[PDB]
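Student:
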Amino acid sequence: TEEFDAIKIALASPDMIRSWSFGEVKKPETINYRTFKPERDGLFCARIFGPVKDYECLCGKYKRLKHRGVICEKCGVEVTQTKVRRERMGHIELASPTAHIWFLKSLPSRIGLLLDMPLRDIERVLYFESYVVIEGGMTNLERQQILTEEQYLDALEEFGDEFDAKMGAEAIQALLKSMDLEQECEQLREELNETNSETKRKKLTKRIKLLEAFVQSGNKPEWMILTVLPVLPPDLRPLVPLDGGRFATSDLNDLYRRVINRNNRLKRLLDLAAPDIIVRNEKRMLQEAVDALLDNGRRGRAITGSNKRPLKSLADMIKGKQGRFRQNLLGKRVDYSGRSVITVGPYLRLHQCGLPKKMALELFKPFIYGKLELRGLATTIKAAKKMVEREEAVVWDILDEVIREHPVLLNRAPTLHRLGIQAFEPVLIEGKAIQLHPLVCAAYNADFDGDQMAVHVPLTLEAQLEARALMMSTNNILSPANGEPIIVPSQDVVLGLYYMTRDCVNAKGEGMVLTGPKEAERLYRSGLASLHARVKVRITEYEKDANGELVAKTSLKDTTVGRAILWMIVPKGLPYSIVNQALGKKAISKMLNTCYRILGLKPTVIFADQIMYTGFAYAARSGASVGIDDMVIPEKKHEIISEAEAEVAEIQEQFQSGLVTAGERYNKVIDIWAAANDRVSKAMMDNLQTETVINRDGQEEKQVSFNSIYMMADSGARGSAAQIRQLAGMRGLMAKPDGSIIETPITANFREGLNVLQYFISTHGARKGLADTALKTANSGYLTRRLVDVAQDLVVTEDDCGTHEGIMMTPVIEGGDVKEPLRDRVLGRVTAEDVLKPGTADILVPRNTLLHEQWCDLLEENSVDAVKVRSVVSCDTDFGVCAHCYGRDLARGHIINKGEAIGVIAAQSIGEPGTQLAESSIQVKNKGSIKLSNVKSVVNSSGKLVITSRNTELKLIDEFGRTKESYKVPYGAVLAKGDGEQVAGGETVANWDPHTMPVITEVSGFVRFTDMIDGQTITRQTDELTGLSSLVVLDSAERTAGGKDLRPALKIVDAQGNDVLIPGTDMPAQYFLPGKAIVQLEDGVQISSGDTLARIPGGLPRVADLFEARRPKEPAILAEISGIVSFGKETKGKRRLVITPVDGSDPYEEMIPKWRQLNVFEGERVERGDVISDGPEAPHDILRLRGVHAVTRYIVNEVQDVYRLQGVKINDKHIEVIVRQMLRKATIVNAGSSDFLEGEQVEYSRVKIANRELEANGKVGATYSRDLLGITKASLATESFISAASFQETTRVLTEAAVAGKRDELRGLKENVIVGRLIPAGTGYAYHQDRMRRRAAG
Amino acid sequence: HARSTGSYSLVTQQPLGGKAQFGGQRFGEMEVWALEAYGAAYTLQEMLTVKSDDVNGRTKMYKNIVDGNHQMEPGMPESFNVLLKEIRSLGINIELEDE
Amino acid sequence: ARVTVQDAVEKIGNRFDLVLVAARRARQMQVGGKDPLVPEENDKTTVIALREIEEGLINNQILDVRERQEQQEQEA
Ligand SMILES: [Mg+2]
Ligand SMILES: [Zn+2]
Ligand SMILES: [Zn+2]
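Chains as they are written, first to last, in PDB author numbering: chain D, 14 to 930, 946 to 1125, 1136 to 1376; chain C, 1244 to 1342; chain E, 2 to 77.
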């Protein structure tokens, strides 16, 4: 095999097609059906394609291999190996030049726009209804004029000469040959130099680029029309003989036969000089046949013989799932593989798996033969086979010996994440079922209810090393998604341990003193002491407190027997305290965590195995069961229910009299029923929880019960409080189809019996649930496929880019408290710059250091609040990332290794968990100082810190300078405490009207009406003395027809008349009353500062929408630059807002629809990208205005909200990598080296600017603008075209790459997979690096 | 069900699909992605060519395994050549370059 | 059986060229050009190469020195 690269694609010239072909196929016949020898001139022909049987001619004159180039005189077939019949192509000489459907019907019709003729006309031409005048010489008719029948008639009669018109693909080919590429190209450049308008300039630039591509690539356009047509080798379009004298053939054979028929009939008709109409009909018919051959389905859909289904054409074979790339080039079918049902097998070690004898023998057959021949037990391979078929003891001994260290791969059908394939050492067992280690089931999401698994065998030495090193179970204990352990004990183990550790007030052997665990076990196994009984024991724990030395501390602790028995296994390093407690699910998980962090891997593995074994054993000894009497119906249920029924009856009767609406009664009933449910639940938990009143020596006592169902609840083994309720209480409220909640609940439980109605309702519930899970799984699968697709090519290429940039990460304190602390958020990230203690010049962390647990604890000891850390998005490396910018986090602990494909791991980690997807006063929870951020207040006369800013926040500083609680305080909210004041727990710090945003006046004086005329634009509807009114200052849209341009206003003047000016500014306060300006305080009351002017009253789809960046149909509006905004030309149909910069130029106008309400006033201080209208913001604006770190923080937080709502932890780095892959593209705004408008990746722009500015000449000095593109288009715009063709529209990408003459250096992973060479990732990176040195070297 | 080696398919020289005839398991794209998450390049390579698609490769590997040596010679998958032939059957010239 | 490779990855932290050096060693061992430097306990050559790596006797540079010594030896 040669070492090659660069697969090149281009238009095939007709002479090259003639070059490939070995012969003409003249007749459509294949074989004589009598003698099965092939036809002399047929789709299957020996003289063209090859000999049927190896090295023997058709007529049978020459059959020996001695002859290798001779061509039999009788049958013109050369004698060679039949394999060649797999590669020889044929050809058909078409009489009429025919168009290639792909280059015509593809949505952008490249023949169409290349010829600058719309698609509709070309279609009109292809079906032979009308002519077109192609280069009609010196007449009064243009060059692309379509001509109808009688238009051709009157033209011909009028213009005998100077009239050139023709029809069909031959006319089109004539048009193509005569085109001058460069002259039109230069003309187009001149036109672009003269034209300045967006859309026409874009279509023109695309077209000019197309012309440049043709003149550079060297393809001539006329080649789009076919003259000779190649025919695929026969073995690729087989004619297989079905058992029973019948044959099975692909439909392509039929299509080829039809094509040959139409060609031969057209040839004969031409030789006969038939009238034009008939030859035109024949040419049309040949067109249908050919286009059905190429892509059947873009026409009248020529169906197949007697099947009513459309037959499959070549395009169908390539494109699509069933066809190709997915099925046969990414979805192969390996050898040495098996499948079977999975089973428990508790006795196994964590690193091993039970494998049936017979499958193992079948798989390892060739190894067995090799070893048998090596030992000399068998002379030859057939004797080895016979020895395997007898199955003697020696064979089993050799099989045991060879299997010894050879590892096998286990896979489970939905491989969601990388833990779907793992390696194990097999142990031969009887039976036909595979035995799977229990601890790994959680990783596989495996269940023993008929699930099956596949088993592959790695052959080569490198495969063995890879399986044992990278894939072995013990090397993968941490999930790649988050750092936490994956292998935690599931249900039986935790139940057994829980039973073991819980203590009881009084039992046998209370308070006796034991010298160690060994006699504790002596006592338990002899039945002289209970497994749980409080006792004082002497124990020697070990602690590595010094620099790696273990110090024994030995003292007397008061514990249970069970905890000591468990202590027997526990390795040295762990504190005794760990086991001293109840030891539930959480306790065991954190136990494993500590064991890993202190000792390391190997002790953790052995400790997990020991835990499993002991848990199973003592769970079996416990004998825990579940009887009908074990779940006690609370005695006071019936009273509570009857009371609630009486209450519902009273509220319904008080409804029938008509003092309360139906909805109010509904709400009341639902709330009272909820309260009754909570009451019964609490009563049940009280009854069941602590009921064991067992007696000590004298009086009695009570303790946490040993009720088996209670232990199952409390231990966290199975069930939650909700299910306990569902077993023994009333099973709450239900939802009807539409989501509305039924009024009467289900009062019965499964211990009792339901009746028809309650069952029926719950049936509906369960049905909806199941359907939900089904659709959820389908959508999940699809989403994760897209994710893994887009991010595949990203690889860690460089060790360190060396940038100082990074994102300043803070703990996300959503509202009430700290949903997620800093320490976990920063663990394993390198720092962007040294962080200082709360006192300057006290460096805590040198320049970029990887933040491991020790640094995080050190930060916890201090009070660092926010840390700028290097992020992947800001990484400087070109074409990949550097180790430092990423960080450490992995299934292993150390810094990321160069070469790891983080894209795929990130995509899997994001995808797999995706299968479960009044307000009057603020009340500070903890005693702290109140602090206001982004505000400018003005103390009024009432003694309130009046809020005049719309972006005001009220955070909470604790004793040591940290923001515990954070709230957003709107404009017009009454405040109580200012700055410095310490606030007691749950004290009202703020106040505001729920259904009212007041407008606050800054100065005093009399309210003056200006352009506030009565009757034309306003309607005086005023109330009585107390000074109530409904004066309505309407907006521009709702203003009356006469008062369309007259804008009523309210100027705030003083007692004398002069408009009092805002302090410090000269602006005459002229408040144009906005829409719905309810002027309550009428003319005649000296305005106080603060009078109101106008009262103004998730899951998977959400994730998909965030990741597709869809504008949420009501976007908020932002500010571009800061400075005084102002109004403008009023009521054109969309009200104008002109942002006036205090320094910069004014002319930025933004139209606003009538319905939009604005929250900010004209004379306000906006910041760039500040909110102007309320509502959800579309990510595009935030990215464009605020920049990268803002949009990345927004996306990460928005996704993490959905994910944490379900309680699934994911590390931000994966989302970060995806986001970085999303914004790969930019758009050029200046000039100097690019084409001034081309969408170009940010990578090429950065590298070219680095080059240019490195070069002594300034050159381009180019400035660019970032762009954000959705994952679909971003994947569509990949560099390699094989990646895109692998999954997208095959016709489109194939046509683009064919016309562009593109050259693929493969450079990627998926390309290398397709070509079957080593991927450039991981173990193969070095290989590619070696090849990398071979290029561009000596 | 299990198979070591057996009959291969006619057109694409991959092992038959099914249970009546021995037939191998389908190593799908998701499994490929799983392997890519690890650095497992040689296992995937052999799985892709020597195990299924390379005729000379499969026979050479059978003989080599029998000999008690464990190497490989990946070559180019036949299905890729079929792809080339099918694309060439259209008017598209796609060539494997060399330098 | 080698149930954990933790010491071998702690010897060379890349975790990838570990596989390459172990492959070179196990390839010199399988085709019987060389001999194991550790007393074998009926292990196969993979676990032998890992056992040699974990004891610090073999790495890439030791491979390079032994190969060039063998080259100059057979050159004469
Ligand atoms: Mg199952
Ligand atoms: Zn002959
Ligand atoms: Zn970097």
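Backbone N, C-alpha and C define an ideal beta-carbon position, used for all residues, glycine too.
1. Show which residues of chain E have a CB atom less than 7 Å away from the CB atom of C/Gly1282.
2. Decide if D/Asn1295 is buried, meaning its Cβ has at least 16 other Cβ atoms within 10 Å, or exposed.
3. Indicate whether D/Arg98 and D/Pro247 have their beta-carbon atoms separated by less than 8 Å.
4. With respect to the alpha helix (DSSP H) encompassing D/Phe1325, which residues constitute its N-terminal and C-terminal limits?
5. Can you check whether the C-beta of D/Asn488 is within less than 8 Å of a C-beta belonging to chain E?
6. Taking 7 Å as the line, does the beta carbon of D/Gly463 fall inside it for any heavy atom of ligand 1?
7. Please specify which runs of the alpha helix (DSSP H), each continuous and at least 4 residues long, are wholly inside the stretch 1193-1240 of chain D, giving them in chain order.
8. Between the alpha carbons of D/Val1163 and D/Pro1096, how many angstroms are there, rounded?
9. When burial is assigned at 16 or more other CB atoms within 10 Å of the CB, is D/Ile1253 buried or exposed?
10. Note down, in chain order, every chain C residue with its Cβ under 8 Å from the Cβ of D/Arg1355.
11. Between the Cα of D/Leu132 and the Cα atoms of D/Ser119, D/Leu422 and D/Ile1287, which residue gives the shortest distance?
12. Could you check which residue in D/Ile582, D/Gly1299, D/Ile915 and D/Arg337 has the C-alpha nearest to that of D/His430?
13. Indicate the three-state DSSP secondary structure (helix, strand or coil) for D/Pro1022 in the structure shown.
14. Which same chain residues end up closer than 7 Å to D/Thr1169 when comparing Cβ atoms and leaving out the 5 residues on each side of it in sequence?
15. According to DSSP, is D/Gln340 helix, strand or coil?
16. Closer than 5 Å is what we want: which residues have a beta carbon that near any heavy atom of ligand 2? List them in chain order.
17. Which whole runs of the beta strand (DSSP E) in the stretch 1288-1361 of chain D are 3 residues long or more, in chain order?
18. Taking the beta carbon of D/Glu987 as the centre, do at least 16 other beta carbons fall within 10 Å, making it buried, or is it exposed?
19. Does DSSP put D/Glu677 in a helix, in a strand, or in coil?
20. Closer than 7 Å: is that where the CB of D/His777 sits relative to any heavy atom of ligand 3?
21. Report all residues from its chain with a CB closer than 6 Å to the CB of D/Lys76; omit the five preceding and five following residues, and keep chain order.
22. Can you tell me whether DSSP reads D/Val506 as helix, strand or coil?
23. Rounding to the nearest angstrom, what Cα-Cα distance links E/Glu71 and E/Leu38 in this structure?
24. Would you list the residues sitting across from D/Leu239 in a DSSP beta bridge?
25. So if I threshold CB-CB distances at 7 Å, which residues from the stretch 355-375 of chain D count as touching chain C?
26. When DSSP builds the beta bridges, which residues end up paired with D/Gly89?
27. Using a Cβ cut-off of 8 Å, pull out every chain C residue sitting near residue 1 of chain E, in sequence order please.
28. Among D/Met821, D/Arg842, D/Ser994 and D/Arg798, which has the Cα closest to the Cα of D/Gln1326?
29. Between the beta-carbon of D/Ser1303 and the beta-carbon of D/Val1267, is there less than 8 Å?
30. Does ligand 1 have even one heavy atom less than 7 Å from the beta-carbon of C/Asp1296?
31. What three-state label does DSSP hand D/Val272 in the structure shown?
32. Let me make sure I understand the geometry here. Which of D/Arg81, D/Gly55, D/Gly383 and D/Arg156 has the alpha-carbon closest to that of D/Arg271?
33. Let me confirm a value: D/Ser670 is counted as buried when at least 16 other C-beta atoms fall within 10 Å, else exposed. Which label applies?
34. Where does the unbroken alpha helix (DSSP H) through D/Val408 begin, and where does it stop?
35. For D/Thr1230, verify whether its CB is less than 7 Å away from any heavy atom of ligand 3.
36. Taking 8 Å as the CB-CB cut-off, is E/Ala77 touching chain D?
Tutor: Quick look at the numbers:
1. Taking the first residue of the second sequence as position 1, residue 1282 of chain C is located at position 39. Ordered by position in chain E, the residues that pass the 7 Å Cβ test against C/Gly1282 are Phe17.
2. Position 1257 of the first sequence, counting from 1, holds the residue named residue 1295 of chain D. It counts as exposed.
3. Residue mapping note: residue 98 of chain D aligns to position 85 of the first sequence, counting from 1. Residue mapping note: residue 247 of chain D aligns to position 234 of the first sequence, counting from 1. In contact: D/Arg98 and D/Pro247 (Cβ atoms closer than 8 Å).
4. Here residue 1325 of chain D refers to the residue found at position 1287 when the first sequence is read from its first residue. Segment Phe1319 to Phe1325, the alpha helix (DSSP H) holding D/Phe1325.
5. If you number the first sequence from 1, residue 488 of chain D lands on position 475. Closer than 8 Å to some Cβ of chain E, the Cβ of D/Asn488 qualifies, so yes.
6. Reading the first sequence from its first residue, position 450 is the one you call residue 463 of chain D. Within the cutoff, so yes.
7. 1217-1224
8. Start at 1 with the first residue of the first sequence, and residue 1163 of chain D comes out as number 1125. Start at 1 with the first residue of the first sequence, and residue 1096 of chain D comes out as number 1068. Straight-line Cα distance between these residues: approximately 16 Å.
9. For this step, residue 1253 of chain D is matched to residue 1215 along the first sequence. The residue in question, D/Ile1253, is buried, as its Cβ has 16 or more Cβ neighbours within 10 Å.
10. Here residue 1355 of chain D refers to the residue found at position 1317 of the first sequence. Those are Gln1288 and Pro1317, listed as they occur along chain C.
11. Along the first sequence, read from residue 1 onward, the residue named residue 132 of chain D stands at position 119. If we check each option's Cα against that of D/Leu132, D/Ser119 comes out closest.
12. Indexing the first sequence from 1 puts residue 430 of chain D at position 417. D/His430 has its Cα closest to that of D/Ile915, out of D/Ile582, D/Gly1299, D/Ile915 and D/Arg337.
13. Counting from one through the first sequence, the residue named residue 1022 of chain D turns up at place 994. In this structure, D/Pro1022 counts as coil in the three-state DSSP scheme.
14. Your numbering for residue 1169 of chain D matches position 1131 in the first sequence. Cβ neighbours of D/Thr1169 beyond the five flanking positions: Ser1064, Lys1072 and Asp1073.
15. Counted from its first residue, the first sequence places residue 340 of chain D at position 327. Coil, per DSSP.
16. D/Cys70, D/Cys72, D/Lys74, D/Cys85, D/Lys87 and D/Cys88
17. 1302-1304
18. In the first sequence, residue 987 of chain D corresponds to position 959, counting from 1. Result: exposed.
19. Position 664 of the first sequence, counted from the start, is the residue given in the question as residue 677 of chain D. DSSP places D/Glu677 in helix when its eight states are reduced to three.
20. Along the first sequence, one-based indexing puts residue 777 of chain D at 764. False, no ligand heavy atom lies under 7 Å from that Cβ.
21. The sequence position of residue 76 of chain D within the first sequence is 63, counting from 1. Hits under 6 Å: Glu69.
22. To locate residue 506 of chain D, count along the first sequence from 1; it is residue 493. Correct three-state label for D/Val506: helix.
23. Stepping through the third sequence from its first residue, residue 71 of chain E is reached at position 70. Stepping through the third sequence from its first residue, residue 38 of chain E is reached at position 37. Cα-Cα distance, rounded: 16 Å.
24. Position 226 of the first sequence, counted from the start, is the residue given in the question as residue 239 of chain D. According to DSSP, D/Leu239 bridges with D/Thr111.
25. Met372 and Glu375
26. On the first sequence, residue 89 of chain D is found 76 positions in, with the first residue counted as 1. Partner(s): none; D/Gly89 has no beta bridge.
27. Coverage of chain E is limited to positions 2 through 77, which leaves residue 1 of chain E absent and any answer about it impossible.
28. Residue 1326 of chain D sits at position 1288 when you count from the first residue of the first sequence. Of D/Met821, D/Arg842, D/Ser994 and D/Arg798, the residue nearest in Cα terms is D/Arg798.
29. Taking the first residue of the first sequence as position 1, residue 1303 of chain D is located at position 1265. Taking the first residue of the first sequence as position 1, residue 1267 of chain D is located at position 1229. Yes, the pair counts as a contact, with Cβ atoms nearer than the cut-off.
30. On the second sequence, position 53 is the one that residue 1296 of chain C refers to. Not so, every heavy atom of ligand 1 lies at least 7 Å from the Cβ.
31. Within the first sequence, residue 272 of chain D is the residue found at index 259, counting from 1. Looking at D/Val272 - three-state DSSP - the assignment turns out to be helix.
32. Looking up residue 271 of chain D in the first sequence gives position 258. Answer by Cα proximity: D/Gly55.
33. Along the first sequence, one-based indexing puts residue 670 of chain D at 657. Flag for D/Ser670 reads exposed.
34. What you label residue 408 of chain D is simply residue 395 of the first sequence in a count that begins at 1. Its alpha helix (DSSP H) spans residues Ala406 to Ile416.
35. As a position in the first sequence, residue 1230 of chain D is number 1192, starting the count at 1. Incorrect: D/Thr1230 has no Cβ contact closer than 7 Å to ligand 3.
36. If you number the third sequence from 1, residue 77 of chain E lands on position 76. Taking Cβ atoms only, chain D never reaches closer than 8 Å to E/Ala77, which makes this a no.
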